[PDB]
């Protein structure tokens, strides 16, 4: 049903990484990733880029050196998504202010145009064939 198609995506990326993070990280870092609810919080703060590296990820990379992939992949993937709601909402907003009625007004203006142009077409037909007759007598 539109934007909330992406929202649902965001919740899902969250859930995937929150689980991924609790599996990978819970033992060695329990306060940040000890439970799945814990990591939902951490990823929230990470997603808002708050001390994500200096206070959460650079620490985690010391234990697990390859774990920048978790953190950089999430910033990348979650930002791109958050971006879209912002877009998907900008757009659908423009649409209500404008596009919705713009297409409508001009669909309709062209009905008028077309109908006028239609009338002319007949008159020229009636006239066309008056002249048709008149010439046949001549």
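Numbering follows the first chain given and starts at 1.
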Check the entry's C-alpha temperature factors for 80-88 and 46-54, then say which stretch has the higher mean. 80-88
Averaged over C-alpha atoms, is the B-factor higher for 127-135 or for 4-12 in this PDB entry? 4-12
Using only modelled residues of the chain, where does the Cα B factor of residue 62 rank: lowest third, middle third or highest third? middle
Going by the recorded CA B-factors, say which third of the chain residue 38 sits in, lowest, middle or highest. lowest
Would you mind ranking residue 73 by its C-alpha B-factor against the rest of the chain and naming the third, lowest, middle or highest? lowest
